[PDB]
Amino acid sequence: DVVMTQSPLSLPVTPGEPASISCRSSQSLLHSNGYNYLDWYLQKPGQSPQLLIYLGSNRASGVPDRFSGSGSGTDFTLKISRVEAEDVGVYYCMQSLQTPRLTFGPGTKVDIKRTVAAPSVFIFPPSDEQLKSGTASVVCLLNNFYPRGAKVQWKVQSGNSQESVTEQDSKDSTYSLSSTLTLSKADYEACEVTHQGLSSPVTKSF
Amino acid sequence: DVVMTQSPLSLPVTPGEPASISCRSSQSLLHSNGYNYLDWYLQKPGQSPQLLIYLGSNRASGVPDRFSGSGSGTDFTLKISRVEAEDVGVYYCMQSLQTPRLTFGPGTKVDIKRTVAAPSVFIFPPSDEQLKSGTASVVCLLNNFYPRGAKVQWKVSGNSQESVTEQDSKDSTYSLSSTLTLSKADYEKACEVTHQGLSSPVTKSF
Amino acid sequence: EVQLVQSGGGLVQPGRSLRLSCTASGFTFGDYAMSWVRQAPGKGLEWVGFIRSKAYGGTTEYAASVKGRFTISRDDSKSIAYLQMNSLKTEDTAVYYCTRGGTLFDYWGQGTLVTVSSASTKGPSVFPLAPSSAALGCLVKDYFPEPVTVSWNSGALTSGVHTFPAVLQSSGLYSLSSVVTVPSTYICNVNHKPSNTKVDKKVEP
Amino acid sequence: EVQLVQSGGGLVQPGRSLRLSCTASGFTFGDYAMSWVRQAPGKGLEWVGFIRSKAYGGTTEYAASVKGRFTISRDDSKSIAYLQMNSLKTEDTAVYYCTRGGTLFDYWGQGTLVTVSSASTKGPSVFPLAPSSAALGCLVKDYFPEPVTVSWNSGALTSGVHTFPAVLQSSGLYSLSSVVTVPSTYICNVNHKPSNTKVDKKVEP
Amino acid sequence: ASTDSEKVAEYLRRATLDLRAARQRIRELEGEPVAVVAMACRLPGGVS
Amino acid sequence: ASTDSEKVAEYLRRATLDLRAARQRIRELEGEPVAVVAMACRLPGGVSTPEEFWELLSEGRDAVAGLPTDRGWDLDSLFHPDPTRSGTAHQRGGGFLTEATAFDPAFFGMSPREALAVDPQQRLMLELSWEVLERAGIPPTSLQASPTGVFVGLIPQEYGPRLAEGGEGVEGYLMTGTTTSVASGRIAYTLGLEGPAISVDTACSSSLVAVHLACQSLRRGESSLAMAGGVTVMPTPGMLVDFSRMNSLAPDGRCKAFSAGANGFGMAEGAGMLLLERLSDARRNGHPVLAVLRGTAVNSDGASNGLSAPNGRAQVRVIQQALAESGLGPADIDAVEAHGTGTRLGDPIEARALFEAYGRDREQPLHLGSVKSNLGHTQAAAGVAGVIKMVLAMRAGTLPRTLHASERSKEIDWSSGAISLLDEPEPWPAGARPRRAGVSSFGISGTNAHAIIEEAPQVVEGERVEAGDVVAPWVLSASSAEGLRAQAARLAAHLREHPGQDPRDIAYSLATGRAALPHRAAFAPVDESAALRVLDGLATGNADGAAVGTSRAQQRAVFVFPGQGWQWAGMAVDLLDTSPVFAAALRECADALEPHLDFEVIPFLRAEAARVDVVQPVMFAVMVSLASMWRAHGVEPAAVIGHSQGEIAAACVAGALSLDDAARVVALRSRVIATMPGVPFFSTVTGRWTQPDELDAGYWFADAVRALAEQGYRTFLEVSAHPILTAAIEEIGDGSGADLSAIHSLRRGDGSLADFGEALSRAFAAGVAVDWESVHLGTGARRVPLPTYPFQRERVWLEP
Amino acid sequence: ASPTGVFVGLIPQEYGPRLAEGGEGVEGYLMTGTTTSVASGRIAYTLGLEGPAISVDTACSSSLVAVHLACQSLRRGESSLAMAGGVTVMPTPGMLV
């Protein structure tokens, strides 16, 4: 009774061409009366979610006509035709066979398609200032890289840290990231970028 | 049990100004979910039945507008804002609380409104015509007795066959005939006719 | 679209069987549990019986009277509904309609005739009646089959024609009447296609 | 139209109770079922509570980890839903949504943000070292509560400056980040309202 | 949940709302009345 | 039973169905595409049909020669080489029609005087409407008392003398002759339509605006057919000499659109017309479809730096609005028909607007062209010309060439390269992506219009092939002898040009289609060579091997049942077996006659091809069968004067006795007559109009035909294998009243169906209405294009 | 720059001298000052409206028909406001002759 949402969770898209997201299941969602218990929800950045499709394929009032859905016994697919730039957000597919429901699930997010644009590195160690109380940030400041994947490590062999990323860089749309590190004060005596668009990690001493 | 639904019997109408038919009940038809289990059906003269309104107040697709249902769970009503000449026939209320519905009930009737008029009578004796051998037959007949509804009895009664025409079309007046039969014991000595349009009962013999 | 187009009918003697077929088309017949309704001549519509859908079991229910002699078939392969007859009686003469729903009676069929009786193809007898003393007329005596037409002097007269629907007597033979009115000679003609005994008769005191 | 405006707020240390109210208008409240969901920052939505309608009466089904500490009530005179809860915990920080419908989540309402844990306003001295020698981030370590802004040389330089979200350190003290991105005169000082610190500096090596 | 009138009822209500909205839109697109705001004239006989 | 399980499912299904139907209705009301059925055009040069227009476009030829010397212009003081003298034009050339001075007032109900009063614009519009109606395949006489809208785009200008001074013989008709409303009122009055008739004047963008209106009334539903067009013509050099005062006219008179040497825009004249119908309705009735219109937009430029100053924001907005209404994106357009007026300032602004509206999101370059290079500025006639060019190019699968574009301009930037100027022909083949195009039009008043056109659906494929042995007649009609001759010559020429055409297709197209006219000709050739022989014979003048004859205001026929005299018949088993109408009616009457008369249908209707007791019933049977097949073939009867057995035949036909009953009574008559040897109906033995009921058992030539002719019936048709007493009737034809013609049915043993083809051809030859769909019905014959009506024009001018 | 249409009924009339022999002060404005196409365009030009500004001629009913157009443009949603009207003025005694 587990439902999962296939297709890439990034799913780059551009205005003008159609897009499609297919949601898979484990059993047959066809009730004895002859209806599929599937619903679709859209969450835009910074506002409450709205209902899009209910009961397999039925566009609710107020939804733009460009949205549509197709269903089957176990396979369902939401499809658009003329996607705009205001349709960026998160999409959720829901079953309704079992009334006790839980967390909505990972869902699928979308963004504007672009090129690779491998990131940049700005590693250097702290010396003074508010850092004098004792801590060190190894943030390499991965700047202007479209693919989301970027892991970091450290040698100067790892441990706890914190992550912080921003939105799709407005006009630039290049997902700047500054994965930083917190360090204790007195334990004296860099990043390992593994981006898809790169070929070898770089690291500077301290 | 049942709610013994009923309607205000016949109702003549005229083209132009609106009309309405009420529908009462004994047990409330408002289901717990928040809906009324009532519907309306129309039967045209010499044609298959039809569906107009379902679930209290909802117009089915293909209905030529002009029909509106309303009312709470006990005092339903169906109203027509504009009355044409083709929307004439029989109208039936229908419920859905009890699944083993046996009959559609009597149902109300509609026709064209017309000024009240008086009929005429022509008693015809059982002459020596094709009757001839042992048998008997007598018809006194009626003509143009709008509105419909009359009675015929014979004295100096118990068996007779009646027939009524259909509105005569353009003039809009009914015509009725009644027949009484006997084998041999006739000629031992008259139909009387009562209509609300006319006066104290008349009759004619021989 | 969603036409139904029923089939079957005719005339059968008492104590016999028959088959009535409803042909669903233009829509998915999977779960559209249908029903059969009956309308007698001169009265209202009375429900006969409905057959459930195979999704919920495919069972059926009947409403007394016809419970032991009426059966319903649900051929899903051709999307056909069948009504089977058993030992019919004279009082069952009615028009049968094949509906679409089980609780909400949606789009209806067209109806059949099916009459049960026992009589031979007997012709008419002609029955001009006595004059008003102006209400001259010609009632038609016993005749078994339905289609019989009457007129005056071969349809030359149109005003005042008041032909009336026939009735049924104990013998099962019907009677047809028609009258005219005009102040002052005319000849009534009848046609009986199953009997082909067309005749003429005039009345004059 | 349909209005589902919420009313309430929360900033309490763990141990006490809180009340949340959902106001409905423009449609009949006696038939629909109200539900409460929550969204914690950084993750996805999850179901919290749901109450049936008057046709069945009460019968709440609080999901999990909230039994004995969360309650749902409804009022029909003013048609107001209540999500009064007691004995708050650390993992209860979220934004709560009140929605209409039990299974089909129809038209939603605006969200109410709640917070937990004990902290006090402290020195907002942020971070030096702009990208000289976009260097480590215009961090605001050891500051509370969340509302804070950023500025750069009296808001004259704007290009290349990106403001980053919170960090959620191991304890309640917070921070966010900002950069300049001028690698080819610049040091960031921000404005904090609760601590009343309005500073903007310029020294940089 | 309770029997089966826990999911069909909401769907039926939503369908009824959508149908009402669509029919209202059709009616407004077909026969919306037009209100006249102001008029001006210049006619013989000194009428201005 | 059915607790909470089945009760709600039915209501849910019904609600879903209702919602789906309502949303489908909304979509149909808002965005139903329309279809173009046929087009008609008149362009400068030798162009008179769209085929010539496409040939000129493909071959890359211009149609600018000079000035007309027929319309009484001074032509001489029109240009004193100093520009600023009064009465001095600037154009030493242009593209002008050479047919405006001529007209044919006889074809329409038009008197020579009021014809002389008629403006050339409506004069061309009438012919355009008639030609497009014939090209569509709809008989122009069928459109009577039906909702059909007419929309015209004109510019008033002036034709003749002022109304105040008047004329000498043409005075009252001056007002109606020169008025914009009458331009469409006259079309509506002549064709007898009942839809709205509208004339719109919105400068050079008038025509497009018209079609926009035609695209709305069809969508709303107030009309089921639209005719939208535009026209512009100049009977006076006033326009050139007034526009020269703004110094906006190039000397030579050409359009160098998007060229480095732009000097002006020039002037021309023309006319265009399109017929539009809803796609579903057109496809339901089988009407041809050439292209589909989806979205249109009309806008104004607002306040600018003068009336003539254009705007860019308005053009961008109108383009985006048209795209939104069509429900498409900017990347779905492969080519555009830009204005390209050729002026100095207009071209950069239009280029920038088109750039910013189309090319920002484009992977493939966009092709751009302008028809004004080939023909020049046609004022209100433009717009529809671009639509015709685009649809012709799309159908032919080739993009034509734009002239004077080898030297691109220098005031525009093409660094992006998203727009590629069309300098050479480009293939435009079919594929997965449907082809789409856009057309723009801007007026000097300040109104802009944009439209989008798409290819017709590719569903016509799937036709089968069927053969047969029945030969079908060919007919052709006109309103004058020379008209008939020229029509025959043109048909023979076209059949000579295009070989491989089946006789069935040409017969069907010359069937329902061309209207019914006084002068008629008909025949039935075995193959096409003899068809060309008889066609050239008709073209020479001597009609032999065919049938001819004038017939004015005649629409009735008369069936007469001759008695004995067609003896020996010439047994026709082919009639019984090949024709199903015989094999049904004659079979029914025969098996009706079988039980009474012992003779069977087998013995002598088997025929030994190599006695009143037997013949008369069988002559009655074959007579009623022939009458039934004739009446089923579209030709109805009238009062019948059948003699002897013809009395019983007329009794059967007019409704006196039923087929079986009439057969039985004729059998009784035969059995009682085999011993001594050894519906309005006209009585014969008495000679009076009598009802069909008095004929009973007791009931069992000159004055009759005189009275029948005096009533109004002037033709006599006898159903017999050999016409008898024809000369006796024929001698009477000249003896009193109008002439009389009698048509035979069969010949001496010529029982073949070709004899019936000749009989039908003779029937149509003299004023008899025939239902051609009935005689064709199932043959697989499809519509085939044919030449339109050839006219007889005469000079109609009125100098000022 | 607001969506607002103009609909005017008209019948063409002769006002000044003929086009081929224009005067001395009025030469380049004769075409603009007489054609009905600008009869509504000026209304759009002075006030700076951006909406369908057409001129329709249907003889004595030309004004009323104009109204029938404007309402349609209002119901379709093309424009938010409309101005409909008609006008006739005879400057020469030619029509009555």
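In the PDB archive, cryo-EM is given as the structure determination method for this entry, at a resolution of 3.61 Å.

**Student:** Honestly, the overall build of chain B in this entry has me stumped. Any pointers?
**Tutor:** Of regular secondary structure, chain B possesses zero helices and 13 strands. Based on the C-alpha atoms only, the size of chain B along its principal axes is roughly 70 × 40 × 30 Å. The 206 residues of chain B split such that 41% are buried. For chain B, the accessible area works out to roughly 10,800 Å², and carbon and sulfur atoms hold 56% of it. Looking at charge distribution, chain B has the averaged site of its 18 positive side-chain charges lying 2 Å from that of its 18 negative ones.

**Student:** Could you clarify how one ought to interpret the sheet that holds strand 6 (residues 73–75) of chain D in this entry?
**Tutor:** Hydrogen bonding along the main chain pairs the strands of a sheet, whether they run parallel or antiparallel. Residue and element names in this part refer to chain D. The strand order across the open sheet built from four strands is 1-3-7-6, with neighbouring strands paired in antiparallel fashion. Unpaired on one side and paired on the other, strand 1 (6–7) and strand 6 mark the two borders of the sheet. Relative to strand 7 (residues 80–82), strand 3 (residues 21–23) runs antiparallel, the two sharing three bridges. Considered in strand 7, the bridge of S21 is made with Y82.

**Student:** Help me understand the sheet that holds strand 21 (residues 715–718) of chain F, please; the structure alone is not making it clear to me.
**Tutor:** Residue and element names in this part refer to chain F. On the basis of which strands lie adjacent, the open sheet formed by three strands has the order 18-21-22 and parallel pairing. For this open sheet the edge positions go to strand 18 (559–560) and strand 22 (741–743), each flanked by a neighbour on one side alone. Pairing between strand 21 and strand 22: three bridges, direction parallel. When the sheet's bridge partners are listed, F716 is paired in strand 22 with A742.

**Student:** I tried to follow the domain arrangement of chain F on my own but got confused; where do I start?
**Tutor:** The assigned domain composition of chain F is domain 1 (34–455), domain 2 (474–550) and domain 3 (558–766). The centre of domain 1 of chain F, based on its C-alpha atoms, is set 61 Å off from the matching centre of domain 3 of chain F.

**Student:** Honestly, the interface of chain B and chain F in this entry has me stumped. Any pointers?
**Tutor:** A common measure of how large an interface is: the accessible area buried when the components associate. Tallying the contact residues gives nine residues for chain B and eight residues for chain F. Both faces combined, the contact of chain B with chain F buries some 770 Å², and carbon together with sulfur accounts for 56% of it. For chain B, the biggest contributors to the area lost against chain F are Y54(B), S61(B) and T99(B); these three give 53% of the whole. Our count for the chain B to chain F interface comes out at zero salt bridges.

**Student:** What am I meant to see in the interface of chain G and chain F here?
**Tutor:** Between chain G and chain F, the contact holds 41 residues from the first and 44 residues from the second. For the pair chain G and chain F, the summed buried area comes to about 3,600 Å², and 53% of that belongs to carbon and sulfur atoms. Considering only the side of chain G, the residues that lose the most area to chain F are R18(G), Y45(G) and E50(G), jointly responsible for 17% of the buried surface there. The salt bridge partner of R162(F) is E14(G), with a shortest N-O separation of 2.4 Å. Along the contact surface separating chain G from chain F lie 17 residue pairs in polar contact. Counting only elements with at least two residues in the side of chain G that touches chain F, the list comes to helix 1 (37–47), strand 2 (53–57) and helix 2 (62–76) of chain G. Per element, the largest residue contribution to the side of chain G that touches chain F is six residues, and it comes from helix 1 of chain G. The residue inventory of the side of chain G that touches chain F, partitioned by class, reads 18 nonpolar, 15 polar and eight charged. For strand 4 (residues 197–200) of chain F and strand 2 of chain G, the ladder comprises two bridges, and the chain directions are antiparallel.

**Student:** Looking at this model, I keep getting lost on helix 4 (residues 120–136) of chain F. Mind explaining?
**Tutor:** Quick reminder: α-helices carry 3.6 residues per turn. Residues three or four places apart thus point the same way. Here helix 4 of chain F contains 17 residues, and its C-alpha end-to-end distance of 24 Å stays within 8% of the 24 Å for a straight helix at 1.5 Å per residue. Looking one or two places after helix 4 of chain F, you find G137(F), whose phi comes out positive at around 100°.

**Student:** Whenever I open this one, the pairing of strand 8 (residues 80–84) of chain C confuses me. Can you help?
**Tutor:** Where a strand is regular, its side chains alternate between the two sheet faces. Residues and elements named next belong to chain C. By the bridge criterion, five bridges tie strand 3 (residues 19–23) to strand 8 in an arrangement that is antiparallel. Following the sheet pairing, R19 is matched in strand 8 by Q84. The pairing of strand 7 (residues 71–75) with strand 8 spans five bridges and is antiparallel. Looking at the pairing, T71 lines up with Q84 of strand 8.

**Student:** Could you clarify how one ought to interpret a negative patch on the surface in this entry?
**Tutor:** Residues and elements named next belong to chain F. Taken together, the side chains of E730, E731, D734 and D739 define an acidic patch exposed on the protein surface. With respect to the helices and strands, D734 occurs in the loop between helix 23 (726–733) and strand 22. For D734, a relative accessible area of 64% corresponds to the exposed category.

Cut-off values and rules
Residues numbered from 1 in each chain as written, not as in the entry; some residues may be left out. Chains lettered and ligands numbered in written order. Part of a larger assembly, values for the part shown. Heavy atoms only, no water. Helix = DSSP H or I, 4+ residues; strand = E, 2+ residues; numbered from the N terminus. Buried < 20%, exposed > 50% of the residue type's maximum accessible area, 1.4 Å probe, protein only. Areas by Shrake-Rupley, 256 points an atom, 1.4 Å probe, with all protein chains shown as cover. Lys, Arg positive; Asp, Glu negative; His and termini not counted. Charge placed at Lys NZ, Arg CZ, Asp CG, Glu CD. Pairing = 2+ DSSP bridges. Domains from an automatic or database assignment. Contact = heavy atoms within 4.5 Å. Buried area = accessible area lost by both parts, 1.4 Å probe. Salt bridge = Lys/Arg side-chain N within 4 Å of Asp/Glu carboxyl O. Polar contact = N/O pair within 3.5 Å; in protein donor to acceptor, adjacent residues only side chain to side chain. Nonpolar A, V, L, I, M, F, W, Y, C, P; charged D, E, K, R; others polar. Expected span 1.5 Å × (residues − 1). Patch = residues over 30% accessible without salt bridge, like charges linked within 9 Å, V, L, I, M, F, W, Y side chains within 5 Å.

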